[PDB]
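Below are the chains, spelled out letter by letter.
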Amino acid sequence: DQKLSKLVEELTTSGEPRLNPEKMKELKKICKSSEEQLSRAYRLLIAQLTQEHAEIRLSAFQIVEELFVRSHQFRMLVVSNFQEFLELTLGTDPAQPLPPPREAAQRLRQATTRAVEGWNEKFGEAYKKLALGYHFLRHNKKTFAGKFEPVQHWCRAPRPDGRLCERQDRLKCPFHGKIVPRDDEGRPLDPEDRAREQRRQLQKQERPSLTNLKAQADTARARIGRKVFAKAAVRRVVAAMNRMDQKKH
Amino acid sequence: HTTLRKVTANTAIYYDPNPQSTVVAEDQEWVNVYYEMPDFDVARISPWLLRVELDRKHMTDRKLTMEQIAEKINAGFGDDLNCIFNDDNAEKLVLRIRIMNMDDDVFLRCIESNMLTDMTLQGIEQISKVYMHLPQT
Amino acid sequence: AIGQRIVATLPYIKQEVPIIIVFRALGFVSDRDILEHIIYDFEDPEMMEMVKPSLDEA
Amino acid sequence: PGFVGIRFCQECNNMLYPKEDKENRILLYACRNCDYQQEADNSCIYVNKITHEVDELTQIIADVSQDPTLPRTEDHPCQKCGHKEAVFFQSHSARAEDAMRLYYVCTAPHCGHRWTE
Amino acid sequence: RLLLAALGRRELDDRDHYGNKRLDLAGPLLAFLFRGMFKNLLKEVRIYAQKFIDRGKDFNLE
Ligand SMILES: [Zn+2]
Ligand SMILES: [Zn+2]
Ligand SMILES: [Zn+2]
């Protein structure tokens, strides 16, 4: 009973378009041996489905699809609670929506339907609730101004290409930090500056599976959007524009 | 208070998928010089470019430099939004803004609006103008 | 976006309605035709940018 | 830099919106109503001129010389045709309230020359 | 017009200007007042005629 529990978790958290066969093989070998255990596995499946993370739901539906066709007992239990499976898989419940990922939710629904036609074609007549369900989906839901620009000093930093830095920056070079005077060989004239740079060089030498909702936001493009689209920022956008409106008027 | 819209003379958004051969001809020298040293990767560079030119008189009046402007925008937008600036000696001071790896065009439009509205380069906020004079009383 | 949007108030209409919808109701559904009715000179770009958000919204 | 004007679709006569084909990265203008699309040449999507550095001569019209209200002078001859008379006024518009620069319009018919000293 | 006002090509209209203003003497005032009262009279007449028709008897205009 412990082993079957571990397999169910692994398939749901595999995070792949297709579940690993070896594990599915193991589940199957466990299911037949005992009918009671097969029922327990069925039970587990629905529970996994009723949680979250449609990708895990989509992975769960792959398990459900396999155990339907090859097991009459499982084939009965799915029919016995086909209503719940209909909301969990197709997302037909008016209240509960399909959780993220959205693309995974699309795959879960699309893959779910294609089963149903085959589900109904091969087993529609025998199982009367299934026949009603397929018909239910198909038919019901379908001035100083001091200006001076003297630029004579150069960064003269030693680049990895062997050439000195020719950037003309007043105070700080972005690629090398603070700017200090250097000779023709790019060595700081102040011995203290040479020692500090050596210390900086020494410091440099010293130096489930699916993305969660927080993890999905953890990126570049989302961070800049969060800063731009902010309640305070938009108000500051309006407040700044209001002040020029006063100047315009 | 000196916001960005204040110093910016004009703002323009282009499509420049090739930084090596930029759309604007009067940038090739410094843009290629900047892109020689790979401090930032070229693969992550977004193809949409926001090219903002500043006003030199506002430069001198506010004593604002290119290094300070780049530092402020970098502190505001991380390594996500990289910006490249020319030296403070050309006849036209212009710096480019690109995102780094809704359409990117509209995203860049919103970014430009946000910068121009509430990008505090210097000065205390909620202070509009400071009048400077000798008291005769 | 955050562009300026042109919107109209019609009597006996409970909710405020964009002008482009009004022009489509009057029978000018082509954006070009709406532009001819709105701006008379097409070589003036500023007006065209100013009416861009209404076309985008509708 | 210059300004950018809108483009119209040749099928439904609707505006072309900016769009891009990642395969070739060639500035495309694709109409979002139908499937029509076009290849741009301006390579510019949006410009915002804060300094509004534009010429008021473009907005000045040549039919204003027939106004019996504006003043006239003979000390600023028209450069295009040499006519002595000219009608002058200020910019008298927003973002041009200052700059009292006088805008002269030639009075002689069929010339309508507008200039500024 | 709204656009030209927005770009500043045209000046915002002022209410104090008498070109934008009109005067309302006895003529329009009485006409407007009468118009409301004449309609009230029409309604009264319609109410009387409707009640008489419902009762089944024709109504005298006087
Ligand atoms: Zn350097
Ligand atoms: Zn079209
Ligand atoms: Zn002339």
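Residues numbered from 1 in each chain as written, not as in the entry; some residues may be left out. Chains lettered and ligands numbered in written order. Part of a larger assembly, values for the part shown. Heavy atoms only, no water.

- The deposited coordinates, according to the entry record, derive from cryo-EM at 3.4 Å resolution.

## Some remarks on the coordination of the zinc ion (ligand 2)
Six octahedral donors at a metal ideally form angles of 90 or 180 degrees, and four tetrahedral donors ideally form angles of 109.5 degrees.
All names here are of chain D.
Okay, so step 1: Within the first shell, the zinc ion (ligand 2) binds the protein through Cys9 (SG), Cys12 (SG), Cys31 (SG) and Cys34 (SG), at distances of 2.3 Å.
Okay, so step 2: In this structure, the zinc ion (ligand 2) is surrounded by four donor atoms whose angles at the metal cover 103 to 115°, and the resulting shape is tetrahedral.
Okay, so step 3: Mapped onto the polypeptide sequence, the residues donating to the zinc ion (ligand 2) form the spacing pattern C-x2-C-x18-C-x2-C. Remark: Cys34 occurs in the loop between strand 2 (26-30) and strand 3 (37-39) and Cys9 occurs in the segment before strand 1 (17-21); sequence separation between them is 25 residues. (Donors = N, O, S within 2.8 Å, 3.2 Å for Na, K, Ca; no water. Tetrahedral: all angles 85-135°; square planar, octahedral: opposite > 155°, others 65-115°. Helix = DSSP H or I, 4+ residues; strand = E, 2+ residues; numbered from the N terminus.)

## A few points about unusual backbone geometry
Okay, so step 1: Following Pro100 of chain A, the chain continues into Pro101 of chain A via a peptide bond in cis, with omega recorded as 0°.
Okay, so step 2: When you line up the elements, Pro101 of chain A lands in the loop between helix 6 (82-90) and helix 7 (102-123).
Okay, so step 3: Despite not being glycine, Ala99 of chain D shows a phi value in the positive range, around 60°.
Okay, so step 4: Relative to the elements of secondary structure, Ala99 of chain D occurs in the loop between strand 6 (86-89) and strand 7 (103-106).

## Some remarks on the sheet that holds strand 3 of chain D
Residue and element names in this part refer to chain D.
Okay, so step 1: A sheet is described by the order of its strands in space; here three strands give the open sequence 1-2-3, paired in antiparallel fashion. At either end of the open sheet lies a strand with only one pairing partner, and these are strand 1 and strand 3. Going from strand to strand, the sheet's axes swing by 40° on average, the running direction of each strand aside.
Okay, so step 2: One ladder, built from five bridges, connects strand 1 with strand 2; its direction is antiparallel. Bridge pairing in strand 2 places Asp21 opposite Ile26. (Pairing = 2+ DSSP bridges. Axes fitted to C-alpha atoms, helices over the stretch in contact; angles between N-to-C directions.)

## Concerning the packing of aromatic side chains
Okay, so step 1: Counted under the stated rule, the structure contains 18 aromatic pairs over all chains.
Okay, so step 2: On the basis of an interplanar angle of 70° and a centroid distance of 5.8 Å, the ring pair of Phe175 of chain A and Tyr34 of chain B is categorised as edge-to-face. Of this pair, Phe175 of chain A sits in the loop between strand 1 (172-173) and strand 2 (177-178) while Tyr34 of chain B is found in helix 2 (residues 28-36), placing the two residues in two different chains.
Okay, so step 3: On the basis of an interplanar angle of 90° and a centroid distance of 4.6 Å, the ring pair of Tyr15 of chain B and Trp48 of chain B is categorised as edge-to-face. Separated by 33 residues along the polypeptide, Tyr15 of chain B in strand 1 (residues 8-15) and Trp48 of chain B in strand 2 (residues 48-54) bring together distant segments of the chain.
Okay, so step 4: Owing to a relative accessible area of 3%, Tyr15 of chain B belongs among the buried residues under this scheme.
Okay, so step 5: You can call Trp48 of chain B buried: its relative accessible area is 8%.
Okay, so step 6: Every member of this aromatic cluster is reached through a ring pair, and the members are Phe61, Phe68, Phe82, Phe85, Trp119, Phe123 and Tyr127 of chain A.
Okay, so step 7: A cation sits over an aromatic face here: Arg7 of chain D above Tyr29 of chain D, 4.0 Å from the ring centre. (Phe/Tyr/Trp six-rings, centres within 6.5 Å; stacked < 30°, edge-to-face > 60°. Buried < 20%, exposed > 50% of the residue type's maximum accessible area, 1.4 Å probe, protein only. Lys NZ or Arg CZ within 6 Å of the ring centre and 35° of its normal.)

## With respect to the interface of chain A and chain B
When the parts come together, some accessible area is lost, and that loss is often what is quoted as the size of the interface.
Okay, so step 1: The interface is formed by 30 residues belonging to chain A together with 31 residues belonging to chain B.
Okay, so step 2: With both sides pooled, the region where chain A packs onto chain B buries about 2,700 Å², and carbon together with sulfur makes up 56% of that total.
Okay, so step 3: When residues of chain A are sorted by the area they lose upon contact with chain B, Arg221, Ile224 and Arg236 of chain A head the list and together hold 21% of the total.
Okay, so step 4: The tally of links between chain A and chain B comes to two salt bridges.
Okay, so step 5: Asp104 of chain B is paired through a salt bridge with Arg221 of chain A; the nearest N and O atoms lie 3.0 Å apart.
Okay, so step 6: The tally of links from chain A across to chain B stands at six residue pairs in polar contact.
Okay, so step 7: Listed by contribution, the elements that provide at least two residues to the side of chain A that touches chain B are helix 11 (220-228) and helix 12 (231-248) of chain A.
Okay, so step 8: Taken together, the residues of the side of chain A that touches chain B break down into 14 nonpolar, three polar and 13 charged. (Contact = heavy atoms within 4.5 Å. Buried area = accessible area lost by both parts, 1.4 Å probe. Salt bridge = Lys/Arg side-chain N within 4 Å of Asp/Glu carboxyl O. Polar contact = N/O pair within 3.5 Å; in protein donor to acceptor, adjacent residues only side chain to side chain. Nonpolar A, V, L, I, M, F, W, Y, C, P; charged D, E, K, R; others polar.)

## Some points on the coordination of the zinc ion (ligand 3)
All names here are of chain D.
Okay, so step 1: For the zinc ion (ligand 3), the protein coordination sphere consists of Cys78 (SG), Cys81 (SG), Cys106 (SG) and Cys111 (SG), at 2.3 Å.
Okay, so step 2: Each of the four donor atoms bound to the zinc ion (ligand 3) contributes to angles spanning 108 to 110°, and the resulting shape is tetrahedral.
Okay, so step 3: Taken in chain order, the donor set of the zinc ion (ligand 3) reads C-x2-C-x24-C-x4-C. Of this pair, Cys81 sits in the loop between strand 5 (72-73) and strand 6 while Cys111 sits in the loop between strand 7 and strand 8 (114-115); the two residues are 30 residues apart in sequence, bridging distant segments of the chain.
Okay, so step 4: Classification of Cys81 by relative accessible area gives partly exposed; the value is 42%.
Okay, so step 5: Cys111 sits in the buried class, given a relative accessible area of 18%.

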